[PDB]
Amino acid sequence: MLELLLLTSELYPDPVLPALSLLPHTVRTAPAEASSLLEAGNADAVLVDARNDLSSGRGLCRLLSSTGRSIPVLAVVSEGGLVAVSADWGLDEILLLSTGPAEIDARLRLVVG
């Protein structure tokens, strides 16, 4: 069903959200820059890889958010990064890198519909 644009420096989606492969959603990766948004095409959501660099991660999410009208922004963080996540990120949903497939599916459904 869903197309996901994952913004990361990884070059494979698997280190970012390992469980995502188990789901039928399609994932394209792009560098963690604001210009990658151009590459968002028909994507249903954008995931921002914020596992390691929280400052840039939060910066991206802020830039990505709102404007119009707008497509959902998700941040993927590690457990130690949860304290840094707050409303000023402009997030629609947050995900832990260890989140299981069922939980990934549920949060994606709820954030898109």
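Numbers for residues come from their place in the sequence shown, where the first is 1.
Two stretches are in play, 48-56 and 33-41, and the higher mean C-alpha B-factor belongs to 33-41.
Comparing 88-96 with 9-17, the higher mean C-alpha B-factor in the PDB entry belongs to 9-17. Per the deposited coordinates, the residue with the largest Cα temperature factor out of 83, 74, 63, 77 is 63. Residue-level temperature factors show residue 2 in the middle third of its chain, judged at the C-alpha atom.
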